Amino acid sequence: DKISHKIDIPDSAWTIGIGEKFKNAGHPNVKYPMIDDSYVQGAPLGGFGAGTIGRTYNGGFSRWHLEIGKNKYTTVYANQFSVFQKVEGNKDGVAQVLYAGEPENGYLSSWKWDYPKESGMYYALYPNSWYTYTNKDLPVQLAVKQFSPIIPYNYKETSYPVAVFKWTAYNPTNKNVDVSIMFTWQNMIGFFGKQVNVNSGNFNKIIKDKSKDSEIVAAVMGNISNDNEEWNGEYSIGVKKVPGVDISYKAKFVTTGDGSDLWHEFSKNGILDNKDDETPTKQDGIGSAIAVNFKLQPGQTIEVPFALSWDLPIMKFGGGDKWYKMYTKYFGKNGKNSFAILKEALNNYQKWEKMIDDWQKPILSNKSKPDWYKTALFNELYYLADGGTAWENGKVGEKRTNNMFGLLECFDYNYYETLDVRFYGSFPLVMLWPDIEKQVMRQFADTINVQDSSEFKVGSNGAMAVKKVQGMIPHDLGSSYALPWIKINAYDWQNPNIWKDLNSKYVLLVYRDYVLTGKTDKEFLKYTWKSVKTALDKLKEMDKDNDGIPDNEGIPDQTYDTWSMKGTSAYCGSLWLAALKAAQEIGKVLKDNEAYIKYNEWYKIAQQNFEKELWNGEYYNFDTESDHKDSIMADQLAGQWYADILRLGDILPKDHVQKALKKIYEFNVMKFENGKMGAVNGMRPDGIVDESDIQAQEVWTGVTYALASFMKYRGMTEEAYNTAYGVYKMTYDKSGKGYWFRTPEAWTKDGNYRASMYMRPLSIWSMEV
Ligand SMILES: [Ca+2]
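Here the sequence shown stands for residues 31 to 428, 431 to 801, where the numbers follow the deposited numbering.
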């Protein structure tokens, strides 16, 4: 490996061998069907709300999130980079697809598949990833840096449906070598959203944009239809000329054939036919190819950028609504703009690289933090783009001021912005994209007094319940299978209108969003204030025994939606205390004296009773009335965690908080698989995992990262990082279970998982507060 020196890969990048087999991989631990796409994954490409494309460490474009809200894992084999090399003085060169695998059937059989093992590495530090190619049969060593412009405090480039592939080629040998790099791409119009005739009318065109010191050559792969539908638009691939390279192309090869129409050209001398052909296809799949060829002298390096763009302007949800995607604000809505997007990338990628470096640098340059922590912190952010993210720029046929946004809980549980989860998972948004965060919270504020008296069948018990109750915050803002933003509370396993955490978490998120954006946005507090008061007032009505605290009802009436709480719980009770303290402070800021007095009175009573009911001398009991009420819960003091972040001070005595956190580390972490797998949710005081429900026996990745941040704030530095380390290890390490780029909600002691690609572990960003 002599190429690594010619590029700049951070030491904290996650790494794996190209073609590596992983032997320890986890699988779902539930009875019902659940997504398991394998460990062959990678950092995604694509902006927020753009649809994303997961290119895996083996080189394949395989995890398709272009249909917003859906996860489709299938390798489109025509989509590749390939290389040709010929040493000066040799009769023949060699050509090789840079993919560690081969197609299942006979399509593209002429191409040279099966990129060999131990011949290159993949690296990832989201939003960047890299591949190096160090192959005994490729005298010139190659590397590519690939990325989308995901940039904090930037809502423009961050939305773009584009990727850049910046290639570096170096000749360490003593002979001249001819090199070609070729990008192939299938015209994927019809891959989704088209009910019949999936390739029909697809056609490919070549664009040559020649100006002074810029030549771009690109293929635009579209359809003859000018219809405005979810399925129609354009893909583009292309390259920018640099000194010392020539560009060749082929407008049309057949992907549903043996591929030799293209490969016989590339494998001879690495130069394509430059054959334009706009003939539309009928049944056959078609694709395009863009190549560069150059001669490298001994010791010479060259850099050349390619790009990919996709202009699919319309997203459709299962309930029928069609919306424009955010990037259409910048490029237009007609679906004929892929070249414009590509050109912007090819002309500006160096600036984008610097913008990414500028935001990563403060963390990367901090030598007090271990590299593993940086690996997780950056790579968990994959989910912000990869989570079925929807960001609208108008309803089709509809102009508002704001652009509604939603991130999925996950794909198995296809719900937008699940509030009990975003309480943990939304830290990157408030910290790095606060305008999006505030928009989402205003969306929630708008739902507070919505009433929907129609009934649904509750999954857990088969009872009928009212869909949406006035004054109760919704569980979620809908499903991609139905009507995001329009039909809320898609979730139906439990009735969230009687949950005892959502209303408090809502208030805490509001005040958080004020505090973490500088305590200056009084207009945001003003917008949400009525909803905050309503939410707390409705929750107070659920206090049955008049101890000042809402009563859990001996069912799973909160985020642990199969783990029953009864009476006063540490979890909901502490969230309540913190929410009251937050509302007091908002009342002071907004000069709402009567609110300040009321919530102060409720707080003083509830705080006294919380402490009396639950403090046992070592920790806070799980609750007052359940069978295992004395279980040690990892999340027992969630309200105090948020109070720390919100600078609300002590809602519970410092000494008792410290004792509880030490107990949690001693038990829920260190007595669970020797502290190497995170914090298990429930442990009995005898040091055995609480078996009352599956959720008690799970580690929740986002709960654990949040607990680590709580420990960190409280000066328990070793415990905090040791706690977090087990989550990093399980996710990323050779000794873990292979969950990179699909961090799950949960695992059990055997390492097997529930709900891959999950929002909650974004809470790792709470460690950066
Ligand atoms: Ca009560």
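A virtual CB, placed ideally from N, CA and C, is assigned to each residue, including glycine.
Any chance the CB of residue i is under 8 Å from a heavy atom of ligand 1?
i: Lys576; result: yes
i: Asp569; result: no
i: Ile637; result: no
i: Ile530; result: no
i: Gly671; result: no
i: residue 430; result: Because the chain is numbered from 428 directly to 431, the model contains no atoms for residue 430.
i: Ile581; result: yes
i: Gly599; result: yes
Taking all protein chains shown into account, do 16 or more other C-beta atoms lie within 10 angstroms of the C-beta of residue i, making it buried, or fewer, making it exposed?
i: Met496; result: exposed
i: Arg679; result: exposed
i: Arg454; result: buried
i: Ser395; result: exposed
i: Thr763; result: buried
i: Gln327; result: exposed
i: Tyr183; result: exposed
i: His35; result: exposed
i: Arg432; result: exposed
i: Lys175; result: buried
i: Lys404; result: buried
Determine the direct distance from the alpha carbon of residue j to that of residue i, and round the result to whole angstroms.
i: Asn364; j: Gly263; result: 8 Å
i: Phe52; j: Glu410; result: 20 Å
i: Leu155; j: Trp634; result: 47 Å
i: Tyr513; j: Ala711; result: 34 Å
i: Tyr559; j: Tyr628; result: 17 Å
i: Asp782; j: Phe654; result: 25 Å
i: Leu568; j: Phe642; result: 17 Å
i: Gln216; j: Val269; result: 16 Å
i: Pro717; j: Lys661; result: 11 Å
i: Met218; j: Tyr265; result: 7 Å
i: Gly220; j: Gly231; result: 10 Å
i: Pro776; j: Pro793; result: 8 Å
i: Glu723; j: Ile65; result: 26 Å
i: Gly580; j: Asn493; result: 29 Å
i: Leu138; j: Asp545; result: 52 Å
i: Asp416; j: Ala249; result: 26 Å
i: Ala173; j: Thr286; result: 30 Å
i: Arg774; j: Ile46; result: 16 Å
i: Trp772; j: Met151; result: 15 Å
i: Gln110; j: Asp303; result: 18 Å
i: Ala193; j: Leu414; result: 16 Å
Between the options, which lies nearest to residue i when the distance is taken from Cα to Cα?
i: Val70; options: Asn88, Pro58, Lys695, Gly56; result: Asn88
i: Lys355; options: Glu723, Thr82, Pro74, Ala752; result: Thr82
i: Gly605; options: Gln110, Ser536, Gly300; result: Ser536
i: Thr198; options: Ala756, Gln330, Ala522; result: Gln330
i: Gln590; options: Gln639, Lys431, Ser210, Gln727; result: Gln727
i: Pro146; options: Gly49, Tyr161, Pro528; result: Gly49
i: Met743; options: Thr552, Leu669, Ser318; result: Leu669
i: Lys761; options: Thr749, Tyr745, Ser741, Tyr737; result: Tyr737
i: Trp673; options: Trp647, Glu723, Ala611, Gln110; result: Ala611
i: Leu96; options: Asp122, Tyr107, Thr86, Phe78; result: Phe78
i: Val124; options: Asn521, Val113, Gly131; result: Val113
i: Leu609; options: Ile637, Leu739, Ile618, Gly349; result: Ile637
i: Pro273; options: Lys280, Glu245, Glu295, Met251; result: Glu245
i: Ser788; options: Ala778, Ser795, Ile796; result: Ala778
Between which two residues does the alpha helix (DSSP H) harbouring residue i extend?
i: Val735; result: 733-745
i: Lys373; result: 368-394
i: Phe361; result: 358-361
i: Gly783; result: Here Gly783 belongs to no alpha helix (DSSP H), and DSSP marks it neither H nor E.
i: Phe408; result: 401-410
i: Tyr546; result: 534-547
i: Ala711; result: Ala711 -> no alpha helix (DSSP H), and no H or E assigned at all.
i: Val207; result: Careful: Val207 lies outside any alpha helix (DSSP H), inside the beta strand (DSSP E) at 207-216.
i: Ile277; result: Premise fails: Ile277 lies in the beta strand (DSSP E), 275-284, not in any alpha helix (DSSP H).
i: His95; result: Segment 91-95 is the beta strand (DSSP E) holding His95; no alpha helix (DSSP H) there.
i: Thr763; result: 749-764
Residue i lies in the beta strand (DSSP E); which residues open and close that run?
i: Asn232; result: 232-241
i: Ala477; result: That residue, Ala477, is in no beta strand (DSSP E); its alpha helix (DSSP H) goes 466-479.
i: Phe704; result: It is not in any beta strand (DSSP E) - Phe704 carries neither H nor E in the DSSP assignment.
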